[PDB]
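Below you will find the structure I want to go over with you.
Per-chain residue numbering starts at 1, and chain names A, B, C, D, E, F, G, H and I are given in the order in which the chains are listed.
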């Protein structure tokens, strides 16, 4: 579509180009990556995976599912 | 208006040569492995035996039409020629000749001829009856006029590629408007009425026979401008 | 001897089935005894999906795949009754006369298109 | 009941703020 | 079959319009919206009942 | 529209309009004798393949006479079997370009030899076939400028622009 | 980029397409009609009746002009056109003329 | 290119002028906008005057597809034999076994583990181990089909054993 | 990726609202607002159904973990809920609500009407919505809760019937659509119905394969038709197209590949998934005649819409406007940079097709190979549908042959039928005759002589 003038006072995103977008991309990507790394560690503390190939669950081990003793 | 000459890295016409196999363009050069170059370079094609084989096989020059006027051989001694089909009649006859080899071949070579017939029945009724066959039945392959009877001899194509000639009285001929036969036969005129003249449709009213004439067919002025045919 | 038996004639326990991660579809069938060595060999012989999809002998996993393929053929034939069905298809009159399986033969209709 | 598709003159007497 | 009504634009239009299912559903939805929200809820419900 | 046929004859005093320089001879035997004519014939072999196998209606004209009294053309065309004489009614000939000639055939034609005159295709609408001339040839300037060959007598907008459409 | 200052809408010449190009294309399209005897007698100030265009011929010519200029013209506007100059002015000032 | 186009005109968003009274009986029946207001529901198939005429037209034109479906079903019905489909008969103690085991053990109606004098029946969502409906029909059909396939395999084995015995008798008898 | 029903409901509401925002991208238009609001209303009804199903599950089991619910729902099969004057089975009511929620999102007959109106969204949005995601949410609901639907009589009756009806309806309407986006939307409706049928077959591997193939090739076709629409300047109907092969060469060729894969044409991955669908179709349904007829008519409908879209867009006559063609063919524009699309678009579509082929081949090798190497699907309902894939009988082969020959006859019809006068009309009939004779002789020679 043909470009048309945009009011200077309006904080809209129509045909908005930031000449310094590279540093903004750097400083919006890397700290986001660090935040997600911290959240990833926190969630990896509480993570469950089935036994690997060749590994079985001993039914009498504490890891095995348990039933309530009334 | 093109400005590719102003720039060096701009694409040239020689780069647009792989598109010649996909885009029609007047010839510029002959490649090493082009068929013409192969035929004109290998000496085995210069030998007389290949030249004689080519000059005596494939299409013959006797079958090539040598004029824009043709007089087909008379069907009867007294009859005079009026109209003849050119290529649609040939294609119709070659298509209906398939029933003479493919249909028996289907019986003798298909594991399930009943399956073949069960799939062919709806193909005929839903697609092929209104496409080729019914047009062929009403197609006028040839039309001459016998003056002693004051009748028209119409030669048509039958089921297995047959040819048969029927006589229709001139006074019983009527003109059938396309709008008169438009809605009742819309499917035929939708998929199988393009090669025949829908604005030139006739009918023998005694038997309800429809006469369709090919758009590419040839008409004789002498026969058409006859007092019997007005 | 039996098609479900593997090369070593060894039956696998529930713990071994769990440890070797047998798919439930294979577990439902009777071919776990022949499937388990094949999966063990494939784990010991990691190959790309193209290798499995192209090799007809399954490469290194040859004997294990032979045993598993015999078991699979028998298993899918019996789950299909395809032997009886093909016997009745080849000659419906002779199969009925011989009484291969009256239960299937009493409700068998070949179809008009297939040679009546 | 439904609105009138016909073009009507602007109201002269109507409740206002 | 020399006469076919499945190639006329009437049948083609019918099929292209999705068998008129959307049209019928939207007509019934307008019926419901008018008869429930306006006449029954705000007029009968609020003007009369409330 | 309708291919109404009219009887035609010859004037017995034809005016030469076109003559292929390479294909000067009685027929295919003398074409074999000529070294250049033989090479051109071998290059025209795929042209004949398109003509026969692909059912592309085409003729390679090596000579052309004109009869103004009957308004007829007297083409002598070359095919894989030799030279054949064809008479074309003047009103049945229209100009057509290389793109129309190629796109008429649904099959992809073989790469054309360099001696085909791609700018001068002539379509016979009655016979529905193309005529292609040779690049190295003598066009009789006096012959082609005959008053009966003038477009003011021959040009018909509907036939020249609207009759032949390739879709 | 934007000059960072307030800049108003530029009306410029007021034509979204070249008026002379539009007029020439329209006159060429009109001359294509079978009932227009003299293409060289067509002027922007000329009337449709003056250039021998009946109402139905005008309808056909305007439909083909709509096809050519990549726009559609309302019947009220089409009846509003009294001269080729008016038609060209309306087409050139249209934002969708192409 | 080739012309200095002015800016996009304000006519691209024409101002809508209200010429009619906005009835309260059409409340929210219109998408209101100062440019191009619309009715809340669009009827592209307005050539059908009503929804009843639309239903009549739909059922009249859908008859062709009913006929085509009938033709396809007839073609596949006079030319195809029903297949041997069902649950895997090598695992009947699984999906089929668990269903009947649950309907047999009746563990949902046992006594409370504390003696609270309340069982599973004392709830809005309560067990019913004598229901005999729902998916039980499909379960019974699957079990019957599995039994039928097992019987077919057994009959085939018996037939082959009988054929082998008959051949042995025939060859041995002649000597 | 939900682990609980609460994360499931959160994702349901999130996809609903994000689809509403995607559909209503042209916020300045109220004509877009009404379509987005219809989609929003259907999403809210789906949310109601999902919430009520989750509430019933919680009131029954006091549990929201999906694994725990799946592994213990079998204990509650013999249960009923006293709702008003009726005693509805516990599995039946939960399955009814989940199935209604799935049918609204994964567009089925009746609840499909929002999907054709959701084409006001930009082409990338429509590609994401229709290929996967929004219309695959119901398939995810069915697959994630597979043990629940194995024990439901309502599922057994409603999944195949509604799936077949939806497939037939969508394919048939797509075969008649002149808009490219509407054509692909109705194709998506048809393939969602086919996915429902595939789930009703009891084989989840076939469902996964069909989902992957349809998503990949529908997305690629959506991108191609989006480039075509942009070139045509926001005119989506192909009645104003034709001759775009020269202006959009890459679009033409990529669209050809993606349509022959998508429409289930023979010798393609779509053909494989359709054949797998017909392998496992159960024949014990009361309404099997209608179901099977609808499935056949919807499976044969891919040829029509694929051929119509491709030929009308690229190789028909020039039905478009002169401004579209002439402005892109000026001699000044001739350069090595000339393109009516973007190099980035071309590379994206090429890599999408390549990765789609690789992933579909990997899935086929993991599932359809003799050595079954797929991971556990957490389903204990194992039928014998794989037997006909491994060791089929002759009757099934002959039935699939019937289907293949129906497809062949439809191909013959679409290729050779002349709906308009042409100079090649006679030669087209001649070509058909010689093709029939050549096919007969080729069959004779390849089977008996040598």
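Assume contacts are C-beta pairs under 8 Å (C-beta built on N, C-alpha and C of every residue); 3 or more make two chains touch, one makes a residue touch a chain.
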Mutual neighbours - chains that touch chain D and chain G alike: H
By number of C-beta contact pairs, the top two chains: H-I
Centre-of-Cα separation between chain F and chain A, whole angstrom: 75
Distance between chain centroids, defined by C-alpha means - chain F, chain G (Å): 45
Centre-to-centre distance between chain H and chain C (centres being mean Cα positions), rounded to whole Å: 31
Residues of chain C engaged with two or more neighbouring chains: 21, 28-29, 79-80, 82, 85, 110-114
Numbers and ranges of chain A residues touching at least 2 other chains: 4-5
Junction residues of chain E - those touching two or more other chains: 15, 19, 21-22, 26
In contact (per the touch rule at the top): chain pairs: A-C, A-G, A-H, B-C, B-E, B-F, B-H, B-I, C-H, C-I, D-H, E-H, E-I, F-I, G-H, G-I, H-I
Chain B-touching residues of chain F, taken from the complex the two chains share: 2-8, 28, 32, 38-39, 42-43, 45-46, 48, 51-52, 79-82, 84-89, 92, 98-99, 102-103, 108, 110-114, 116, 118-119, 124, 126-128
Residue ranges of chain E touching chain I (in the complex, touch as defined): 12, 15-16, 18-19, 21-22, 25-26
Chain H to chain E touching residues, read off their complex: 25, 27-29, 40-45, 47-48, 50-51, 54-55, 57-58, 61-62, 64
Touching residues on chain E, where the partner in the complex is chain H: 6, 10-11, 13-15, 17, 19-24, 26-31, 33-34, 37-39, 42
Parts of chain I lying in touch with chain E, wherever the complex brings them together: 109-110, 112-113, 116-117, 169, 172-173, 175-178, 186
